[PDB]
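Novice: My structure is stored as entry_17.csv, with CSV, C-alpha atoms.
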chain,number,residue,atom,x,y,z
A,121,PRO,CA,57.3,72.0,83.6
A,122,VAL,CA,54.3,74.4,82.9
A,123,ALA,CA,55.5,76.8,85.6
A,124,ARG,CA,58.7,77.9,83.9
A,125,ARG,CA,59.3,80.2,80.9
A,126,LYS,CA,62.2,80.2,78.5
A,127,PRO,CA,65.4,82.0,79.4
A,128,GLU,CA,65.6,85.2,77.3
A,129,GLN,CA,68.1,87.7,78.7
A,130,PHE,CA,71.9,87.2,79.1
A,131,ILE,CA,74.7,87.6,81.6
A,132,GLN,CA,78.2,88.9,81.2
A,133,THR,CA,80.8,86.8,82.9
A,134,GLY,CA,84.0,88.9,82.2
A,135,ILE,CA,85.4,86.1,80.0
A,136,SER,CA,85.4,87.5,76.5
A,137,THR,CA,85.2,84.1,74.7
A,138,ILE,CA,82.1,83.3,76.9
A,139,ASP,CA,80.4,86.7,76.5
A,140,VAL,CA,80.7,86.8,72.7
A,141,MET,CA,80.9,83.3,71.3
A,142,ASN,CA,78.8,81.2,73.6
A,143,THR,CA,76.6,83.3,75.8
A,144,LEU,CA,75.4,82.5,79.3
A,145,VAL,CA,71.7,83.2,79.5
A,146,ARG,CA,70.0,83.3,82.8
A,147,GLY,CA,68.6,79.9,83.2
A,148,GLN,CA,71.3,78.0,81.3
A,149,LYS,CA,73.4,75.3,82.9
A,150,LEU,CA,76.6,75.2,81.0
A,151,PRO,CA,79.4,73.0,82.2
A,152,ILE,CA,83.1,73.7,82.0
A,153,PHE,CA,84.8,70.6,80.7
A,154,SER,CA,88.2,71.1,82.2
A,155,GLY,CA,91.1,68.8,81.7
A,156,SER,CA,93.2,67.5,84.6
A,157,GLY,CA,96.0,70.0,85.2
A,158,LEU,CA,94.3,72.9,83.5
A,159,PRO,CA,93.1,75.9,85.6
A,160,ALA,CA,89.5,75.3,86.3
A,161,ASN,CA,89.4,76.7,89.8
A,162,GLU,CA,91.0,79.9,88.6
A,163,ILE,CA,88.2,80.3,86.0
A,164,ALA,CA,85.8,79.4,88.8
A,165,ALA,CA,87.1,82.3,91.0
A,166,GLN,CA,87.2,84.6,88.0
A,167,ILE,CA,83.6,84.0,86.9
A,168,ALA,CA,82.6,84.1,90.6
A,169,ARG,CA,83.9,87.6,91.2
A,170,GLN,CA,83.3,89.0,87.7
A,171,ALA,CA,79.7,88.0,86.8
A,172,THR,CA,77.3,90.9,86.6
A,173,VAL,CA,73.9,91.5,85.1
A,174,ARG,CA,73.6,94.3,82.6
A,175,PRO,CA,70.1,95.8,82.8
A,176,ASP,CA,71.5,99.0,81.3
A,177,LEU,CA,72.0,96.9,78.1
A,178,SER,CA,68.3,96.0,78.3
A,179,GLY,CA,65.4,98.4,77.9
A,180,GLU,CA,66.2,99.7,81.4
A,181,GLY,CA,64.3,97.8,83.9
A,182,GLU,CA,65.0,98.1,87.6
A,183,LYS,CA,68.1,97.2,89.5
A,184,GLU,CA,65.8,95.7,92.1
A,185,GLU,CA,67.5,92.4,91.6
A,186,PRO,CA,70.8,92.1,93.3
A,187,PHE,CA,73.2,89.4,92.2
A,188,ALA,CA,74.1,86.3,94.2
A,189,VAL,CA,76.9,83.8,93.7
A,190,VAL,CA,76.4,80.5,95.5
A,191,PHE,CA,79.7,78.8,95.2
A,192,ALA,CA,79.9,75.1,96.1
A,193,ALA,CA,83.3,73.4,96.1
A,194,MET,CA,83.3,69.7,96.7
A,195,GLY,CA,86.4,67.6,97.0
A,196,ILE,CA,89.2,70.2,96.9
A,197,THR,CA,92.9,69.9,97.6
A,198,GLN,CA,92.8,72.4,100.6
A,199,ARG,CA,95.6,74.3,98.8
A,200,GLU,CA,92.7,75.3,96.5
A,201,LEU,CA,90.7,76.0,99.6
A,202,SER,CA,93.3,78.6,100.7
A,203,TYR,CA,93.1,79.9,97.1
A,204,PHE,CA,89.3,80.3,97.4
A,205,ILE,CA,89.3,82.0,100.8
A,206,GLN,CA,91.9,84.5,99.6
A,207,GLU,CA,90.5,85.0,96.1
A,208,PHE,CA,87.1,85.7,97.5
A,209,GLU,CA,87.9,87.9,100.5
A,210,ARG,CA,90.6,89.7,98.6
A,211,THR,CA,88.5,92.0,96.3
A,212,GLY,CA,85.6,92.2,98.7
A,213,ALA,CA,83.4,90.1,96.4
A,214,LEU,CA,82.5,87.8,99.1
A,215,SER,CA,79.7,90.0,100.2
A,216,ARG,CA,77.3,88.8,97.5
A,217,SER,CA,78.2,85.2,97.7
A,218,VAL,CA,78.0,82.1,99.9
A,219,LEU,CA,80.7,79.4,99.9
A,220,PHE,CA,79.8,75.8,100.6
A,221,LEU,CA,83.3,74.4,100.9
A,222,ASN,CA,84.6,71.0,101.9
A,223,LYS,CA,88.0,69.5,101.8
A,224,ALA,CA,89.1,66.2,100.5
A,225,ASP,CA,89.8,64.7,104.0
A,226,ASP,CA,86.2,65.5,105.1
A,227,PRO,CA,84.0,62.5,104.8
A,228,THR,CA,82.4,61.4,101.6
A,229,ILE,CA,78.8,61.9,102.6
A,230,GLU,CA,79.4,65.6,102.9
A,231,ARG,CA,80.6,65.5,99.3
A,232,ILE,CA,77.3,64.0,98.5
A,233,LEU,CA,75.2,66.5,100.4
A,234,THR,CA,77.0,69.6,99.2
A,235,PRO,CA,75.2,70.4,95.9
A,236,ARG,CA,71.9,69.7,97.5
A,237,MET,CA,72.7,72.3,100.1
A,238,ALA,CA,73.9,74.9,97.6
A,239,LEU,CA,71.0,74.5,95.1
B,2,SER,CA,129.3,137.3,38.6
B,3,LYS,CA,126.0,138.9,37.7
B,4,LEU,CA,124.8,135.6,36.3
B,5,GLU,CA,126.2,133.9,39.4
B,6,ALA,CA,124.0,136.1,41.6
B,7,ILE,CA,120.9,135.7,39.4
B,8,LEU,CA,121.0,131.9,39.0
B,9,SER,CA,122.3,131.3,42.5
B,10,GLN,CA,119.5,133.4,44.0
B,11,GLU,CA,117.1,131.4,41.9
B,12,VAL,CA,118.4,128.2,43.4
B,13,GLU,CA,118.3,129.9,46.8
B,14,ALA,CA,114.6,130.7,46.4
B,15,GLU,CA,113.7,127.3,45.1
B,16,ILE,CA,115.5,125.3,47.7
B,17,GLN,CA,114.5,127.7,50.5
B,18,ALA,CA,110.8,127.3,49.7
B,19,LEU,CA,111.3,123.5,49.4
B,20,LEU,CA,113.3,123.3,52.6
B,21,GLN,CA,110.8,125.4,54.5
B,22,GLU,CA,108.2,122.9,53.4
B,23,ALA,CA,110.6,120.3,54.8
B,24,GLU,CA,110.6,122.4,58.0
B,25,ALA,CA,106.8,122.0,57.7
B,26,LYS,CA,107.4,118.2,57.4
B,27,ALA,CA,109.5,118.4,60.6
B,28,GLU,CA,106.7,120.4,62.1
B,29,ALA,CA,104.2,117.8,61.2
B,30,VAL,CA,106.6,115.3,62.8
B,31,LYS,CA,106.6,117.4,66.0
B,32,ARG,CA,102.8,117.8,65.6
B,33,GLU,CA,102.3,114.0,65.6
B,34,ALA,CA,104.8,113.7,68.4
B,35,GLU,CA,102.7,116.1,70.4
B,36,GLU,CA,99.6,114.0,69.4
B,37,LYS,CA,101.3,110.8,70.7
B,38,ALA,CA,102.4,112.7,73.8
B,39,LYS,CA,98.9,113.9,74.6
B,40,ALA,CA,97.5,110.4,73.8
B,41,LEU,CA,100.1,109.0,76.2
B,42,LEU,CA,99.4,111.4,79.0
B,43,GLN,CA,95.6,111.3,78.6
B,44,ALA,CA,95.4,107.5,78.4
B,45,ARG,CA,97.5,107.4,81.5
B,46,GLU,CA,95.1,109.9,83.1
B,47,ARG,CA,92.2,107.6,82.2
B,48,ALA,CA,94.1,104.6,83.4
B,49,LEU,CA,94.9,106.1,86.8
B,50,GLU,CA,91.4,107.5,87.1
B,51,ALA,CA,89.8,104.1,86.3
B,52,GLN,CA,92.2,102.1,88.4
B,53,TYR,CA,92.0,104.1,91.6
B,54,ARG,CA,88.3,104.7,91.0
B,55,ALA,CA,87.8,100.9,91.1
B,56,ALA,CA,90.2,100.8,94.1
B,57,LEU,CA,87.8,103.2,95.9
B,58,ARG,CA,85.0,100.9,94.8
B,59,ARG,CA,86.8,97.8,96.3
B,60,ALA,CA,87.8,99.6,99.5
B,61,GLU,CA,84.2,100.8,99.8
B,62,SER,CA,82.8,97.2,99.5
B,63,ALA,CA,85.4,95.8,101.9
As a first step, turn the structure in this file into C-alpha cells.

Specialist:
Amino acid sequence: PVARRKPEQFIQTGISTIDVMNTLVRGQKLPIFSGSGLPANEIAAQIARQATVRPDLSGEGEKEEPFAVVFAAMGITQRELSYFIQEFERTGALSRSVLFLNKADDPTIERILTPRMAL
Amino acid sequence: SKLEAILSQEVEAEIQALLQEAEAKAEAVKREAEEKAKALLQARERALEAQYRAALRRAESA
C-alpha cells in the first residue's frame, strides 16, 4: 500500500452515460449491478470492444502503451458463449484481448479458479 | 381612361415591386432548399467516408 499511487487519468468506454456522468479512471473497479433479465453481457461485449485510452486528450504523452482487454466469463449459458465468440471475432477486436471462458456445465472449481487466472 | 392608366400603372408598380420581393422570398426558399440539399449530400459524404473508412480499419485489423 505504499507502492501504489492514486488513479488520475481517465478512460473512455464508448458508453455516453459512463463517459460523462460517472467516469472510469484507470485503477477504478466499478461494478455493473445488472438485474436478472437485463442485458449485462451485451454491455460486457460493448465495453470490451469499445474501450480506448485517449492520450490525445492528455498533454500528449506517448502511445507506447497498447491496450489490453482481459475478459473472464464464469458460469455462462453457452448461448452467451456463442454470443461472445461471434461478438469478439466479428469486428476484429479479439486481437487485443484474451478470453477466459467457461460454460455452466464445466465443473465448479474452474468457476472458482477463473478470476485468479485472469487477474 | 387616362386616370385608369395612371392609377392602374401605379398599382402595377407597387404590386410588381412587392411581388418581386415575394419572388425574392421564393428565392430564399430555394436558397435554403439548396442549403438543406448540400447539407444532405455533404453529411452523406461524411457518413459514407467515415463508415467505409472504419470498414477499412476493421478489415485491416482482421

Novice: List the spatial neighbours of residue 213 of chain A as a list in words - criterion: any atom at most 8 Å away, all atoms listed in the file, same-chain residues fewer than 4 positions off excluded.

Specialist: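 Skipping anything fewer than 4 positions along the chain leaves residues 169, 208, 209 and 217 of chain A; 62 of chain B.
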
Novice: Calculate how many Å separate atom CA of residue 46 of chain B from atom CA of residue 58 of chain B, rounding to one decimal.

Specialist: 17.9 Å

Novice: What is the atom CA of residue 55 of chain B to atom CA of residue 211 of chain A distance in Å?

Specialist: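 Computing it gives 10.3 Å between the two atoms.
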
Novice: With chain A as the partner and 8 Å as the cut-off, tabulate the residues of chain B that qualify, each row holding the nearest pair of atoms and their distance in Å to one decimal, using all atoms listed in the file, sorted by chain and rising number, as JSON lines.

Specialist:
{"residue": "B:59", "atom": "CA", "partner": "A:211", "partner_atom": "CA", "distance": 6.0}
{"residue": "B:60", "atom": "CA", "partner": "A:212", "partner_atom": "CA", "distance": 7.8}
{"residue": "B:62", "atom": "CA", "partner": "A:212", "partner_atom": "CA", "distance": 5.8}
{"residue": "B:63", "atom": "CA", "partner": "A:212", "partner_atom": "CA", "distance": 4.8}

Novice: How far is it from atom CA of residue 47 of chain B to atom CA of residue 175 of chain A, in Å with one decimal?

Specialist: 25.1 Å

Novice: Can you pull out every residue within 12 Å of segment 201-205 of chain A, counting only C-alpha atoms, but drop anything in the same chain fewer than 3 positions away, and send it as a short mmCIF file (atom, residue, chain, number, x, y, z; two decimals) with C-alpha atoms, in the frame of the given file?

Specialist:
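File result.cif, as written:
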data_model
loop_
_atom_site.label_atom_id
_atom_site.label_comp_id
_atom_site.auth_asym_id
_atom_site.auth_seq_id
_atom_site.Cartn_x
_atom_site.Cartn_y
_atom_site.Cartn_z
CA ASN A 161 89.40 76.70 89.80
CA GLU A 162 91.00 79.90 88.60
CA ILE A 163 88.20 80.30 86.00
CA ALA A 164 85.80 79.40 88.80
CA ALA A 165 87.10 82.30 91.00
CA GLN A 166 87.20 84.60 88.00
CA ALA A 168 82.60 84.10 90.60
CA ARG A 169 83.90 87.60 91.20
CA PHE A 191 79.70 78.80 95.20
CA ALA A 192 79.90 75.10 96.10
CA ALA A 193 83.30 73.40 96.10
CA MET A 194 83.30 69.70 96.70
CA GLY A 195 86.40 67.60 97.00
CA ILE A 196 89.20 70.20 96.90
CA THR A 197 92.90 69.90 97.60
CA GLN A 198 92.80 72.40 100.60
CA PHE A 208 87.10 85.70 97.50
CA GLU A 209 87.90 87.90 100.50
CA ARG A 210 90.60 89.70 98.60
CA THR A 211 88.50 92.00 96.30
CA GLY A 212 85.60 92.20 98.70
CA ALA A 213 83.40 90.10 96.40
CA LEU A 214 82.50 87.80 99.10
CA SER A 217 78.20 85.20 97.70
CA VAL A 218 78.00 82.10 99.90
CA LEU A 219 80.70 79.40 99.90
CA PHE A 220 79.80 75.80 100.60
CA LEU A 221 83.30 74.40 100.90
CA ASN A 222 84.60 71.00 101.90
CA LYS A 223 88.00 69.50 101.80
CA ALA A 224 89.10 66.20 100.50
#
